[PDB]
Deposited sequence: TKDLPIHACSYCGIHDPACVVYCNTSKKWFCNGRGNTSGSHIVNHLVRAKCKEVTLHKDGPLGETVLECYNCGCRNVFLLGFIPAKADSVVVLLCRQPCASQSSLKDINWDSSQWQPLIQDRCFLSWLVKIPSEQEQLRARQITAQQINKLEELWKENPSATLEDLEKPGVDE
């Protein structure tokens, strides 16, 4: 099939409210858990040791690079938010007492108001891939990124 360019490189889900652009690897991944214990994008970020993401314009939040309001850090593993509207802040120093906060990644997935968790149903229709197969595929991606 000719699936869109913003489809999860693991399972193919392409709902724009559900996929995340990895700025470093230059490939999209969704925020569903599938058959692993974490979401596809997070697992990818952990495995490939990347940290900066971009949302899709047709998601609820539009095309948006996540970064600290205060200093511009783009490390999603350091970023979090405080209600008010949401303001994104590094946990340290920018959200410190001197400068109610919660990280953007909980239970190794993006919070669903940031990136939609695909429903169990829609993930059933997507390409089924096991944890072995992701490591399977990530290992290869350095020699052949395509």
Sequence order list of spans that the model leaves without C-alpha positions, deposited numbering: 1, 86-89, 105-113, 161-173
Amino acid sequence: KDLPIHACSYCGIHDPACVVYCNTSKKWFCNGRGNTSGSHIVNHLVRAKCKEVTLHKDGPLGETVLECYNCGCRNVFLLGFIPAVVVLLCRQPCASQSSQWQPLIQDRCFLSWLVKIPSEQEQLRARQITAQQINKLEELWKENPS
From here on, numbers count along this sequence of modelled residues.
Mean Cα B-factor comparison, 101-109 or 117-125, giving the higher one as deposited: 117-125
Which of 128-136 and 19-27 has higher mean CA B factor, as the PDB entry lists it: 128-136
CA B-factor placement of residue 67, once the chain's modelled residues are sorted into thirds: lowest
Modelled-residue ranking by C-alpha temperature factor, third containing residue 85: highest
Position of residue 92 among the chain's modelled residues by C-alpha B-factor, lowest, middle or highest third: lowest
Within-chain third of residue 35 by Cα B-factor, per the entry: highest
